[PDB]
Amino acid sequence: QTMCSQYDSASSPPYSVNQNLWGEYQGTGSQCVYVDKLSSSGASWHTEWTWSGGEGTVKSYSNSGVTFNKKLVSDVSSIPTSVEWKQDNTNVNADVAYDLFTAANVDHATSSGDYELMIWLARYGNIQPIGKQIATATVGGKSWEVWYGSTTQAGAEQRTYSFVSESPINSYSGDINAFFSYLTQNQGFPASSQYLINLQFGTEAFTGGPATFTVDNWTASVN
Numbered sequence: 128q129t130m131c132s133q134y135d136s137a138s139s140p141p142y143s144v145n146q147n148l149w150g151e152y153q154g155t156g157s158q159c160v161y162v163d164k165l166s167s168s169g170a171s172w173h174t175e176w177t178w179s180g181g182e183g184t185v186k187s188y189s190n191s192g193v194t195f196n197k198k199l200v201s202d203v204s205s206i207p208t209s210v211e212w213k214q215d216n217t218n219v220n221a222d223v224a225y226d227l228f229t230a231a232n233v234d235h236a237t238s239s240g241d242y243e244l245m246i247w248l249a250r251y252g253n254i255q256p257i258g259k260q261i262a263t264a265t266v267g268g269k270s271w272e273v274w275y276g277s278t279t280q281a282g283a284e285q286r287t288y289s290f291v292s293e294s295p296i297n298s299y300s301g302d303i304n305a306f307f308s309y310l311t312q313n314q315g316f317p318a319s320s321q322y323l324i325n326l327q328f329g330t331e332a333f334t335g336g337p338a339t340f341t342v343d344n345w346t347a348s349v350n
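When we follow my numbering, the leftmost residue of the sequence shown carries the number 128, and every step to the right adds one.
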């Protein structure tokens with residue numbers, strides 16, 4: 128499947144590959160997502176993009192996602208995931224990251240939440256997470272810079288926690304629940320009153336290109 132319009136999705140329950148150019152009007156360029164292999168066991172895809180203008184603003188977040196029974200973070204047993212990706216052309220402003228949202232209302236829209244947990248496997252150019260660094264933590268046998276900041280739009284505030292690796296991690300696997308556990312015990316995260324409502328992985332593109340982001344394989348589950 129080749130997807131080049133603003134919003135498109137291809138799915139094979141529980142996996143999906145999504146073209147999402149939500150910040151398209153902030154600049155000039157083009158981007159398509161190509162499904163390489165999509166089945167109930169995992170997703171393989173790539174995206175080629177070129178964006179100019181609106182420096183510092185995200186133009187898109189093409190990604191692969193997984194559907195699951197939404198539940199309280201405190202009730203989550205494990206969130207196993209694995210991925211292998213590659214970036215062709217690093218002279219760009221972009222990041223490679225997992226994006227998870229939680230909300231006090233299980234019926235909350237999945238495009239945002241009360242809290243957002245981001246796990247950056249790579250950072251390119253001059254971009255940086257929202258807020259400021261508040262710690263460095265060891266999660267899953269790896270060291271991460273812990274960033275925290277908030278944003279407000281249309282009357283709703285979103286608190287974002289970002290775990291950033293020092294250098295690119297192209298092959299990664301682990302239990303994402305370990306990050307929630309850290310937040311619950313070390314940053315007062317309200318795990319017993321927040322529902323996990325979305326889990327995605329992809330690349331946020333700001334400016335630069337032509338560039339190609341490739342996901343050789345991606346798996347994820349919420350138990």
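C-beta: ideal position from N, C-alpha, C; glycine also.
Inter-residue spacing [alpha-carbon to alpha-carbon] between residue i and residue j
{"i": "residue 239", "j": "residue 192", "result": "14 Å"}
{"i": "residue 340", "j": "residue 296", "result": "14 Å"}
{"i": "residue 229", "j": "residue 275", "result": "15 Å"}
{"i": "residue 269", "j": "residue 174", "result": "28 Å"}
{"i": "residue 252", "j": "residue 213", "result": "16 Å"}
{"i": "residue 329", "j": "residue 342", "result": "8 Å"}
{"i": "residue 181", "j": "residue 220", "result": "11 Å"}
{"i": "residue 234", "j": "residue 322", "result": "9 Å"}
{"i": "residue 164", "j": "residue 350", "result": "24 Å"}
{"i": "residue 313", "j": "residue 272", "result": "14 Å"}
Residue i and residue j closer than 8 Å at C-beta
{"i": "residue 190", "j": "residue 337", "result": "no"}
{"i": "residue 306", "j": "residue 246", "result": "yes"}
{"i": "residue 286", "j": "residue 241", "result": "yes"}
{"i": "residue 135", "j": "residue 205", "result": "no"}
{"i": "residue 289", "j": "residue 317", "result": "no"}
{"i": "residue 179", "j": "residue 150", "result": "no"}
{"i": "residue 142", "j": "residue 167", "result": "yes"}
N- and C-terminal bounds of the alpha helix (DSSP H) containing residue i
{"i": "residue 310", "result": "304-313"}
Extent of the continuous beta strand (DSSP E) to which residue i belongs
{"i": "residue 173", "result": "169-179"}
{"i": "residue 329", "result": "322-347"}
{"i": "residue 156", "result": "155-166"}
Are the segment 173-189 and the segment 313-333 in contact at 8 Å, needing three or more beta carbon pairs? Verdict: yes, contact present.
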